[PDB]
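Presented below is the structure to which this report refers.
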Amino acid sequence: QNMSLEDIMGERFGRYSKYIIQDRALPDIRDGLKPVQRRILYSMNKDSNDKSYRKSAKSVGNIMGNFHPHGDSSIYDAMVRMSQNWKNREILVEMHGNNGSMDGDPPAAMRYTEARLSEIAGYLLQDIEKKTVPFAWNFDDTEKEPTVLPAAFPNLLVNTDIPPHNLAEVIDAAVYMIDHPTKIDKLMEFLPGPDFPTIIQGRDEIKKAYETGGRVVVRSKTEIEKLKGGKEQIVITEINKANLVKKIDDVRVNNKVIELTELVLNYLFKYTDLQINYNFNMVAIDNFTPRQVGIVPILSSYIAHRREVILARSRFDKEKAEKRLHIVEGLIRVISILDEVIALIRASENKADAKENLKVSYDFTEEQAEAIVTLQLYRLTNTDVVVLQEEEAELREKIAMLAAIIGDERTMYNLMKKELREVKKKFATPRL
Amino acid sequence: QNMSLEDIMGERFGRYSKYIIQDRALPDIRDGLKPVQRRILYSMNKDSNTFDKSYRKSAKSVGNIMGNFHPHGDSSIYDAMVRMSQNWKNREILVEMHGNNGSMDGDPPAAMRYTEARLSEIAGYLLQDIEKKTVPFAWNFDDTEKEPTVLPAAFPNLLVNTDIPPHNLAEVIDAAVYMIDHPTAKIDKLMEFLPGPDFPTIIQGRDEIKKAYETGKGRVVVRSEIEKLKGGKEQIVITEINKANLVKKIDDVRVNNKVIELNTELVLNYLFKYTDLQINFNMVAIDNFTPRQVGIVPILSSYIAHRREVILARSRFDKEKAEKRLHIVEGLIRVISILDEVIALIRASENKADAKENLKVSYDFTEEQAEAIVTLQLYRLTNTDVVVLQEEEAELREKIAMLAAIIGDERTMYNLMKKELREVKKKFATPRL
Amino acid sequence: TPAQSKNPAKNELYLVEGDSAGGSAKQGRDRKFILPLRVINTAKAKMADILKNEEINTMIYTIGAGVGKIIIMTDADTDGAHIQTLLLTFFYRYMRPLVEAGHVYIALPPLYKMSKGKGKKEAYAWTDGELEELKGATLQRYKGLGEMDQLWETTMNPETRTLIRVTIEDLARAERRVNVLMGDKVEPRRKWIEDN
Amino acid sequence: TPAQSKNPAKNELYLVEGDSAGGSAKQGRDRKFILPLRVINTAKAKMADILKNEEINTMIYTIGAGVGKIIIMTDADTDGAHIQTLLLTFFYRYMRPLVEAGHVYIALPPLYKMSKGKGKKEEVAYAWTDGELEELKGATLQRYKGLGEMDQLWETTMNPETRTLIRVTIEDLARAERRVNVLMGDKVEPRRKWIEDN
DNA sequence: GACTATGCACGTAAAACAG
DNA sequence: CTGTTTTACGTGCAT
DNA sequence: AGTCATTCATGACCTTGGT
DNA sequence: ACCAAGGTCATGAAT
Ligand SMILES: N[C@@H]1CCN(c2c(F)cc3c(=O)c(C(=O)O)cn(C4CC4)c3c2Cl)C1
Ligand SMILES: N[C@@H]1CCN(c2c(F)cc3c(=O)c(C(=O)O)cn(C4CC4)c3c2Cl)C1
């Protein structure tokens, strides 16, 4: 029939709820990425992209059809963005020709562009390998997806708006915070302020902003020189060189104020938007909900939330070791009775009847019996006579080591320091 | 420097050559497909999208076609694709989509953002034996994967879909049979199986089709009922043309009134040949790796011989694979005899390598012989194969004789191709029209 | 741009999302006794602004009425909401009676669907509880008003799953719908999301 | 729509294929002392038809001359040909001197390119992936898709046409006969017929 | 996510041609 | 206002 | 293959507002 | 033509 009816006091509340909870796909305090990102960075990974340049339509396509319902050029369009080294600090994807001008430069469709994952980029995906980050299902329920890559590189404060910085300030601090958990005054010593790929005024201001979650200032890279014949010549080399290149010429059309007094340039710089900027309104999603954070919260939630990331690295790897050392510890012990077992398995009947029948000779387990029954006739070379012997203490050492990372609160950090220090080199952003 | 110069008597000859040899990517007399097709049908295959499995999106399927087997831009790729979705443009749609294929009328289909589709059953037919070294196969453009140069195709898509008029798998196999067992055949007797080309959407020009079948070109004709409306009036309306310009051409006739449940039936005869309401066959494609015009007898011709090399390859490999199997077996059996010695030989042997060599003794077994023995994996030291393998020697050996028979027998070969083509005429079995 | 018409008997004028939907409706009109929509936030600008909107104006063109069964199909796209949201607000702050009558209301698309037997052929509206009534076979999930002949599973029957709007609205609700949609002044909206 | 200019000294007005190329040129103008092209077959319709063509007309707008170093970059696309073909014919049947002079000619894009060392740069390039390609395992090769892909862009750009082609050179008559056998499109029978050396 | 122009042929179904 | 050559319109696969 | 319009905040920067 | 409330424009990620 005509089905039920309902209040527009009713319908326009419940609908707009759905749409607002989809306003909770904003950049996580942790990964420092917005889903249509996380998805794009992982589609690239899964597919293995070191290696050669992959086209687009294929990489997008695959992103835009196994991990992202929405339409295509929301997907890729975004992608590109990650190509623009003059928009980010560490570009998380390297394309080639034509990324985009500092000026109005429409990039080319998926027909033309070709790109692939970046080194730095790896960092953040450098341990999905194991059961690092917590992992969910597809939308099609086809594959499964990560809920925020685990990220070495604190992309969150190195890229609701969050101002660029430099891996270097960011790790250097990040260290400080660890060994010294509990002031923003000492912590600004490592990060005097946010770095833009493309000098900022507002010291006092940034200083308060770091806890407040403000307004700074931004000045252009233009100097002074003297042109031939005895005249003036003062020209320039996250803003936009599109409207700045014209704003000068506009100043010049009315002449109401460039190798053509220097006080005049001071007046034009704060009028023609030639040195506007900026704002810093730090705000994202923490605890699976929307909150505003600061310079100390960010490092905060990231240190603890990375801490659960390094601990998982232990959880599995250790798990995998134990599993290995028990197959070994098994396989060795075999050698002793290699002759009886190689006779036992012959007579045993069917494959199944064989592993059971390995109740005798030893008290070996299923997982124990398995490998034995699949030990494959080549390896009936007892090369493992002395070797495996060595393994028992090899895989056993790693077994103690990883379990140590699980009990030691202080040693844990030292791992996270070594690593973060490590990227600060490997990657090592120059200052700015 | 300024590099050399050159004649525009020179430059405009050599350029336009390139572009004309790229006018030789036209539908092969064989596969009955134009490359940006063959590519699209095989991208679908490689990726496993048979009728069987679930609908795949687009951007991904295209994407993948349009970036591992087709340089050109995207919506050349897919755009085409769609086409193959339109069952009211082909006979056997070679790809089934869903959710805005396209109207008989001006219906813009939806971008790759929305559409979802997958390979069709019939569609398999043509790709039903790339499995082995059937058709002859080349490299990618990126030199990344490799490509088929024209699917081998069971279903004679060429005369069932330079323009080539639709027909029906049924006429097409029925003939195709005749041609085989009777090569030298008049087109008069052969039109008995295919009175003419079938359109998914009655044709006049018997005499004309008849001559067209050998001539490779000609002109036929195409025709689109009556009833009495309530209150005592006329009512005569309609249900590879286009219902877009036909739906308006009537209304146009009616705007000027210069000639539809709306008093002579002769008036409809005059409108039917004027309003395009009931408005060619120029058969032409590529044979021998070059452009020629063909007819009704050449088509079946080149396709029978060129399918013949297709069935013979099927033999070439499969037989090859059998021999290879029966020699590992014939090996593995013989092992059982000395299972105890070899299971002792392999232990002492040293490294893996030193082990297979060292199987010089006990038997005169070969590398490929030694391999499997050395990788025989400890489970299978169950001698279940004692009697079984024994049976294999005559099992794989029978198939070995069988396939080799298809290679020597010119008459038996055909019988295979008949059975199969008969087979699709059923499985598929196009209704008449 | 609409999909033709006939007699003003039961009215009937469905609004779909995006030319793809409105295409799938128009050719599939197993039930037209259609108009694509590519919609501003009514309360968001000048009334003059609003009349300058091809979207608003179009809707005002088709079916006269003016400021003095029109059903709307969205999808499931949370994105598909926001496009229910404005439509209803643009049917409220203007064309009050249209809904107040309740002749013109909002559609309920499908969700999960089951299908098995490869080549042997052989639906639901809530993939939550309703989904449980439906291994061996195979399931599905609805992407949007995209995909879907079928289309007229929601189409052919007279709104087998339609929704009647505005039903006993009343006052003091205008207060709320200019707390949420409209886009008050920031502070209100961040604040209605204390039940989310 | 072009990519600006300067002084009429050495002229210089390159034509690229598609807004993507003409984009890659315009932003990469490591050498502009540009104009996208989305071109009719000159001899294919009415002269009035032709002036009605945004493509022909545009080209006539930029740089005056009228019917009384302008280089053209295509690609490698056999499809990239046909787009050399018309341009030249549209520079012939109209603007005869333009070429006859030979100031305005046609560019030679790159082909195969080698590059190795992940993160150690080290690249190469070449203009014939045939004989010239043999001069260049261990490393890795490439292949050029089109005037697409390619900063680099000005490997063909920055140097004054390190690989440019000068057109029309000693054309002469009786060649007009042929270029209205092939491109123009003649009357079917001629074209099917020039393809007896193909 | 649908607009917009073109080559390439081959039909032929609609403008313009004269006094 | 007739019959004629000339002109435009459409269709798949590309830019 | 680039064209075109808007949501959704949040700002600094350009329109009228009156007489 | 003053200084003030108003009106615009730009920006990613989605339609
Ligand atoms: N108004 C304009 C003239 C230029 N144009 C274009 C254009 F500039 C680029 C493309 C294009 O890239 C493309 C594809 O490969 O993706 C397919 N098509 C056609 C299927 C539509 C294109 C067209 Cl029509 C039409
Ligand atoms: N009234 C307006 C004109 C502009 N517009 C549309 C539109 F109809 C559809 C899409 C669209 O599907 C899309 C995508 O993700 O594939 C991306 N974009 C934007 C990146 C370009 C779209 C735009 Cl702008 C319609």
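In the structure tokens, chains take the letters A, B, ... in the order shown, each chain's residues start at 1, and ligands count up from 1 in the order shown.
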Could you produce a table of the residues of chain A lying within 6 Å of ligand 2, with the nearest pair of atoms per residue and their separation in Å rounded to one decimal, using only C-alpha atoms and all ligand atoms, ordered by chain and increasing residue number, as a tab-separated table?
residue	atom	partner	partner_atom_place_in_ligand_line	distance
A:71	CA	ligand 2	15 (O)	4.1
A:72	CA	ligand 2	16 (O)	4.4
A:73	CA	ligand 2	15 (O)	3.8
A:74	CA	ligand 2	15 (O)	4.1
Which of chain D counts as strand (DSSP E) under DSSP, as a ChimeraX atom specification please? /D:15-17,35-37,106-107,164-165
Could you dump the residues just selected with N, CA, C and O atoms as a PDB file, in the first residue's frame?
ATOM      1  N   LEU D  15      52.582  24.248 -31.604  1.00  0.00           N
ATOM      2  CA  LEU D  15      51.249  23.664 -31.485  1.00  0.00           C
ATOM      3  C   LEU D  15      51.311  22.241 -30.937  1.00  0.00           C
ATOM      4  O   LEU D  15      51.928  21.365 -31.532  1.00  0.00           O
ATOM      5  N   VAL D  16      50.641  22.000 -29.820  1.00  0.00           N
ATOM      6  CA  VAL D  16      50.666  20.676 -29.206  1.00  0.00           C
ATOM      7  C   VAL D  16      49.337  19.946 -29.387  1.00  0.00           C
ATOM      8  O   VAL D  16      48.353  20.531 -29.843  1.00  0.00           O
ATOM      9  N   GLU D  17      49.324  18.655 -29.058  1.00  0.00           N
ATOM     10  CA  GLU D  17      48.094  17.869 -29.092  1.00  0.00           C
ATOM     11  C   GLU D  17      47.381  17.867 -27.744  1.00  0.00           C
ATOM     12  O   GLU D  17      47.929  17.420 -26.734  1.00  0.00           O
ATOM     13  N   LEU D  35      49.969  26.632 -27.969  1.00  0.00           N
ATOM     14  CA  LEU D  35      48.526  26.583 -28.187  1.00  0.00           C
ATOM     15  C   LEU D  35      48.016  25.157 -28.377  1.00  0.00           C
ATOM     16  O   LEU D  35      48.332  24.510 -29.375  1.00  0.00           O
ATOM     17  N   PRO D  36      47.181  24.681 -27.433  1.00  0.00           N
ATOM     18  CA  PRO D  36      46.483  23.397 -27.560  1.00  0.00           C
ATOM     19  C   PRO D  36      45.804  23.254 -28.923  1.00  0.00           C
ATOM     20  O   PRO D  36      45.317  24.240 -29.468  1.00  0.00           O
ATOM     21  N   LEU D  37      45.791  22.047 -29.477  1.00  0.00           N
ATOM     22  CA  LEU D  37      44.897  21.731 -30.588  1.00  0.00           C
ATOM     23  C   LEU D  37      44.091  20.468 -30.294  1.00  0.00           C
ATOM     24  O   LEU D  37      44.655  19.400 -30.024  1.00  0.00           O
ATOM     25  N   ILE D 106      57.774  20.777 -38.179  1.00  0.00           N
ATOM     26  CA  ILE D 106      57.121  19.719 -37.415  1.00  0.00           C
ATOM     27  C   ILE D 106      58.116  18.958 -36.535  1.00  0.00           C
ATOM     28  O   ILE D 106      59.197  18.581 -36.989  1.00  0.00           O
ATOM     29  N   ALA D 107      57.708  18.676 -35.299  1.00  0.00           N
ATOM     30  CA  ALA D 107      58.640  18.252 -34.251  1.00  0.00           C
ATOM     31  C   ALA D 107      58.825  16.741 -34.203  1.00  0.00           C
ATOM     32  O   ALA D 107      57.966  15.982 -34.648  1.00  0.00           O
ATOM     33  N   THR D 164      64.238  18.799 -34.260  1.00  0.00           N
ATOM     34  CA  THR D 164      63.128  19.387 -35.008  1.00  0.00           C
ATOM     35  C   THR D 164      63.202  19.049 -36.494  1.00  0.00           C
ATOM     36  O   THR D 164      64.247  18.651 -37.003  1.00  0.00           O
ATOM     37  N   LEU D 165      62.078  19.170 -37.187  1.00  0.00           N
ATOM     38  CA  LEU D 165      62.037  18.844 -38.608  1.00  0.00           C
ATOM     39  C   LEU D 165      61.627  20.054 -39.444  1.00  0.00           C
ATOM     40  O   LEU D 165      60.654  20.732 -39.132  1.00  0.00           O
TER      41      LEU D 165
END
At a cut-off of 10 Å, using only C-alpha atoms (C1' of nucleotides), what residues contact region 184-186 of chain C? Leave out same-chain residues fewer than 6 positions from it and give the result as a ChimeraX atom specification. /C:43-44,177-178 /G:9-10
With C-alpha atoms (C1' of nucleotides) retained, could you export that selection as a CSV table (one decimal), in the first residue's frame?
chain,number,residue,atom,x,y,z
C,43,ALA,CA,17.8,29.1,3.9
C,44,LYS,CA,21.4,29.9,2.9
C,177,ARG,CA,14.7,22.5,10.6
C,178,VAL,CA,16.4,25.9,10.8
G,9,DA,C1',33.1,26.1,7.5
G,10,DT,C1',35.8,29.5,7.9
Determine, counting only C-alpha atoms (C1' of nucleotides), which protein, DNA and RNA residues have an atom within 12 Å of an atom of residue 18 (chain E); residues of the same chain fewer than 3 positions away are not included. Present the result as a ChimeraX atom specification. /F:1-5
Please produce a file of those selected residues containing N, CA, C and O atoms (P, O5', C5', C4', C3', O3' and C1' of nucleotides), as a CSV table (one decimal), in the first residue's frame.
chain,number,residue,atom,x,y,z
F,1,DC,P,2.3,26.0,-55.2
F,1,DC,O5',3.4,25.5,-56.3
F,1,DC,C5',2.9,25.0,-57.5
F,1,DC,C4',4.1,25.0,-58.5
F,1,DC,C3',5.1,23.9,-58.3
F,1,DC,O3',5.0,22.9,-59.2
F,1,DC,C1',6.1,26.0,-58.8
F,2,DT,P,5.2,21.3,-58.8
F,2,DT,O5',6.4,20.9,-59.8
F,2,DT,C5',6.2,20.5,-61.1
F,2,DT,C4',7.5,20.1,-61.9
F,2,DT,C3',8.2,18.9,-61.3
F,2,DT,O3',8.4,18.0,-62.4
F,2,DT,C1',9.7,20.7,-61.3
F,3,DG,P,8.7,16.4,-62.2
F,3,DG,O5',10.3,16.4,-62.2
F,3,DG,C5',11.0,16.8,-63.4
F,3,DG,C4',12.4,17.3,-63.1
F,3,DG,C3',13.3,16.3,-62.5
F,3,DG,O3',14.5,16.2,-63.3
F,3,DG,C1',13.4,18.3,-61.3
F,4,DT,P,15.6,15.0,-63.1
F,4,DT,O5',16.9,15.8,-62.6
F,4,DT,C5',17.5,16.8,-63.5
F,4,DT,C4',18.4,17.7,-62.6
F,4,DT,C3',19.4,17.0,-61.7
F,4,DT,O3',20.6,16.9,-62.4
F,4,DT,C1',18.3,18.8,-60.6
F,5,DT,P,21.7,15.9,-61.8
F,5,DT,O5',22.7,16.8,-60.9
F,5,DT,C5',23.2,18.0,-61.4
F,5,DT,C4',23.7,18.9,-60.2
F,5,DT,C3',24.8,18.4,-59.4
F,5,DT,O3',25.8,19.4,-59.3
F,5,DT,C1',23.0,18.9,-58.0
Which polymer residues have any atom within 10 Å of an atom of residue 13 (chain F), counting only C-alpha atoms (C1' of nucleotides), with same-chain residues fewer than 3 positions away left out, as a list in words? residues 34, 36, 76, 77, 79 and 80 of chain B
Taking only C-alpha atoms (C1' of nucleotides) and all ligand atoms into account, list the residues no farther than 6 Å from ligand 1, as a ChimeraX atom specification. /B:73-76 /D:38 /E:4-5 /G:1
For the contact check between chain A and chain B, emit one row per residue of chain A within 10 Å, containing the shortest atom pair and the distance in Å rounded to one decimal, counting only C-alpha atoms, chain then rising number order, as JSON lines.
{"residue": "A:54", "atom": "CA", "partner": "B:67", "partner_atom": "CA", "distance": 8.8}
{"residue": "A:55", "atom": "CA", "partner": "B:67", "partner_atom": "CA", "distance": 6.5}
{"residue": "A:56", "atom": "CA", "partner": "B:63", "partner_atom": "CA", "distance": 7.8}
{"residue": "A:57", "atom": "CA", "partner": "B:63", "partner_atom": "CA", "distance": 4.6}
{"residue": "A:58", "atom": "CA", "partner": "B:63", "partner_atom": "CA", "distance": 4.3}
{"residue": "A:59", "atom": "CA", "partner": "B:63", "partner_atom": "CA", "distance": 7.9}
{"residue": "A:60", "atom": "CA", "partner": "B:59", "partner_atom": "CA", "distance": 7.9}
{"residue": "A:61", "atom": "CA", "partner": "B:60", "partner_atom": "CA", "distance": 4.3}
{"residue": "A:62", "atom": "CA", "partner": "B:60", "partner_atom": "CA", "distance": 5.3}
{"residue": "A:63", "atom": "CA", "partner": "B:60", "partner_atom": "CA", "distance": 8.4}
{"residue": "A:64", "atom": "CA", "partner": "B:59", "partner_atom": "CA", "distance": 7.4}
{"residue": "A:65", "atom": "CA", "partner": "B:60", "partner_atom": "CA", "distance": 6.3}
{"residue": "A:66", "atom": "CA", "partner": "B:60", "partner_atom": "CA", "distance": 8.6}
{"residue": "A:69", "atom": "CA", "partner": "B:113", "partner_atom": "CA", "distance": 8.9}
{"residue": "A:70", "atom": "CA", "partner": "B:113", "partner_atom": "CA", "distance": 7.8}
{"residue": "A:71", "atom": "CA", "partner": "B:113", "partner_atom": "CA", "distance": 5.2}
{"residue": "A:72", "atom": "CA", "partner": "B:113", "partner_atom": "CA", "distance": 6.1}
{"residue": "A:73", "atom": "CA", "partner": "B:113", "partner_atom": "CA", "distance": 9.2}
{"residue": "A:109", "atom": "CA", "partner": "B:73", "partner_atom": "CA", "distance": 9.4}
{"residue": "A:110", "atom": "CA", "partner": "B:74", "partner_atom": "CA", "distance": 8.0}
{"residue": "A:111", "atom": "CA", "partner": "B:73", "partner_atom": "CA", "distance": 5.2}
{"residue": "A:112", "atom": "CA", "partner": "B:73", "partner_atom": "CA", "distance": 7.9}
{"residue": "A:338", "atom": "CA", "partner": "B:347", "partner_atom": "CA", "distance": 9.9}
{"residue": "A:339", "atom": "CA", "partner": "B:344", "partner_atom": "CA", "distance": 9.7}
{"residue": "A:342", "atom": "CA", "partner": "B:378", "partner_atom": "CA", "distance": 8.2}
{"residue": "A:343", "atom": "CA", "partner": "B:381", "partner_atom": "CA", "distance": 9.4}
{"residue": "A:345", "atom": "CA", "partner": "B:381", "partner_atom": "CA", "distance": 7.0}
{"residue": "A:346", "atom": "CA", "partner": "B:382", "partner_atom": "CA", "distance": 5.2}
{"residue": "A:347", "atom": "CA", "partner": "B:382", "partner_atom": "CA", "distance": 6.9}
{"residue": "A:348", "atom": "CA", "partner": "B:382", "partner_atom": "CA", "distance": 7.1}
{"residue": "A:349", "atom": "CA", "partner": "B:382", "partner_atom": "CA", "distance": 6.2}
{"residue": "A:350", "atom": "CA", "partner": "B:382", "partner_atom": "CA", "distance": 6.6}
{"residue": "A:351", "atom": "CA", "partner": "B:379", "partner_atom": "CA", "distance": 5.5}
{"residue": "A:352", "atom": "CA", "partner": "B:379", "partner_atom": "CA", "distance": 8.9}
{"residue": "A:354", "atom": "CA", "partner": "B:379", "partner_atom": "CA", "distance": 7.8}
{"residue": "A:355", "atom": "CA", "partner": "B:379", "partner_atom": "CA", "distance": 9.2}
{"residue": "A:370", "atom": "CA", "partner": "B:379", "partner_atom": "CA", "distance": 9.8}
{"residue": "A:371", "atom": "CA", "partner": "B:378", "partner_atom": "CA", "distance": 9.8}
{"residue": "A:372", "atom": "CA", "partner": "B:378", "partner_atom": "CA", "distance": 8.2}
{"residue": "A:373", "atom": "CA", "partner": "B:379", "partner_atom": "CA", "distance": 5.6}
{"residue": "A:374", "atom": "CA", "partner": "B:378", "partner_atom": "CA", "distance": 5.7}
{"residue": "A:375", "atom": "CA", "partner": "B:378", "partner_atom": "CA", "distance": 5.9}
{"residue": "A:376", "atom": "CA", "partner": "B:377", "partner_atom": "CA", "distance": 3.6}
{"residue": "A:377", "atom": "CA", "partner": "B:377", "partner_atom": "CA", "distance": 5.0}
{"residue": "A:378", "atom": "CA", "partner": "B:374", "partner_atom": "CA", "distance": 5.5}
{"residue": "A:379", "atom": "CA", "partner": "B:352", "partner_atom": "CA", "distance": 7.4}
{"residue": "A:380", "atom": "CA", "partner": "B:347", "partner_atom": "CA", "distance": 5.3}
{"residue": "A:381", "atom": "CA", "partner": "B:347", "partner_atom": "CA", "distance": 5.2}
{"residue": "A:382", "atom": "CA", "partner": "B:347", "partner_atom": "CA", "distance": 7.4}
{"residue": "A:383", "atom": "CA", "partner": "B:351", "partner_atom": "CA", "distance": 7.9}
Where does chain B meet chain D within 7 Å, residue by residue, with the nearest atom pair and distance in Å to one decimal for each, counting only C-alpha atoms, listed by chain and rising number, as JSON lines?
{"residue": "B:1", "atom": "CA", "partner": "D:162", "partner_atom": "CA", "distance": 6.1}
{"residue": "B:2", "atom": "CA", "partner": "D:164", "partner_atom": "CA", "distance": 6.1}
{"residue": "B:3", "atom": "CA", "partner": "D:164", "partner_atom": "CA", "distance": 5.7}
{"residue": "B:4", "atom": "CA", "partner": "D:165", "partner_atom": "CA", "distance": 6.1}
{"residue": "B:5", "atom": "CA", "partner": "D:166", "partner_atom": "CA", "distance": 4.2}
{"residue": "B:6", "atom": "CA", "partner": "D:169", "partner_atom": "CA", "distance": 5.7}
{"residue": "B:7", "atom": "CA", "partner": "D:168", "partner_atom": "CA", "distance": 5.0}
{"residue": "B:8", "atom": "CA", "partner": "D:168", "partner_atom": "CA", "distance": 4.7}
{"residue": "B:9", "atom": "CA", "partner": "D:175", "partner_atom": "CA", "distance": 5.7}
{"residue": "B:12", "atom": "CA", "partner": "D:85", "partner_atom": "CA", "distance": 6.0}
{"residue": "B:15", "atom": "CA", "partner": "D:81", "partner_atom": "CA", "distance": 5.5}
{"residue": "B:16", "atom": "CA", "partner": "D:82", "partner_atom": "CA", "distance": 6.4}
{"residue": "B:17", "atom": "CA", "partner": "D:198", "partner_atom": "CA", "distance": 6.8}
{"residue": "B:18", "atom": "CA", "partner": "D:78", "partner_atom": "CA", "distance": 5.5}
{"residue": "B:19", "atom": "CA", "partner": "D:78", "partner_atom": "CA", "distance": 4.9}
{"residue": "B:22", "atom": "CA", "partner": "D:78", "partner_atom": "CA", "distance": 6.6}
{"residue": "B:142", "atom": "CA", "partner": "D:143", "partner_atom": "CA", "distance": 6.9}
Can I get the selected residues back with C-alpha atoms, as a tab-separated table (two decimals), in the first residue's frame?
chain	number	residue	atom	x	y	z
B	1	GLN	CA	71.36	21.68	-34.46
B	2	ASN	CA	68.28	22.29	-36.61
B	3	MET	CA	68.23	18.58	-37.47
B	4	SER	CA	67.51	17.63	-41.08
B	5	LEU	CA	64.66	18.76	-43.33
B	6	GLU	CA	62.35	16.70	-45.53
B	7	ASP	CA	59.77	16.83	-48.31
B	8	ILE	CA	56.11	17.35	-47.42
B	9	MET	CA	56.10	15.23	-50.57
B	12	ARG	CA	52.85	13.50	-45.63
B	15	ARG	CA	52.95	9.71	-41.74
B	16	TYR	CA	49.69	8.84	-43.50
B	17	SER	CA	51.09	5.36	-44.10
B	18	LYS	CA	51.40	4.76	-40.37
B	19	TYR	CA	47.82	5.97	-39.97
B	22	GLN	CA	46.28	1.46	-38.27
B	142	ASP	CA	54.00	-1.86	-22.65
Would you pick out the contacts of residue 77 (chain C) at 8 Å or less, using only C-alpha atoms (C1' of nucleotides), so that residues sharing its chain but fewer than 2 positions from it are not included, and give the list as JSON, numbers by chain? {"C": [75, 79, 80, 81, 143, 144]}
Could you list the residues in chain D lying within 8 Å of chain E, using only C-alpha atoms (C1' of nucleotides), and format the result as a PyMOL selection string? chain D and resi 39-41
Write the residues of the preceding selection, restricted to N, CA, C and O atoms, as an mmCIF file, in the first residue's frame.
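What ended up in again27.cif:
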data_model
loop_
_atom_site.group_PDB
_atom_site.id
_atom_site.type_symbol
_atom_site.label_atom_id
_atom_site.label_comp_id
_atom_site.auth_asym_id
_atom_site.auth_seq_id
_atom_site.Cartn_x
_atom_site.Cartn_y
_atom_site.Cartn_z
ATOM 1 N N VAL D 39 41.308 19.057 -36.042
ATOM 2 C CA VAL D 39 41.674 19.783 -37.255
ATOM 3 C C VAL D 39 41.041 19.138 -38.480
ATOM 4 O O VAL D 39 41.302 17.975 -38.773
ATOM 5 N N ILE D 40 40.200 19.902 -39.173
ATOM 6 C CA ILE D 40 39.463 19.410 -40.331
ATOM 7 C C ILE D 40 40.385 19.183 -41.521
ATOM 8 O O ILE D 40 41.505 19.686 -41.539
ATOM 9 N N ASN D 41 39.918 18.414 -42.503
ATOM 10 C CA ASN D 41 40.757 18.037 -43.640
ATOM 11 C C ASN D 41 40.723 19.071 -44.759
ATOM 12 O O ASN D 41 40.487 18.734 -45.919
#
Separating CA of residue 11 (chain B) from CA of residue 54 (chain D), to the nearest tenth of an Å, is a gap of 25.6 Å
Which neighbours of residue 128 (chain B) fall inside 8 Å, counting only C-alpha atoms (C1' of nucleotides), when residues of the same chain fewer than 5 positions from it are skipped, and could you give them as a list in words? residues 152, 153 and 154 of chain B
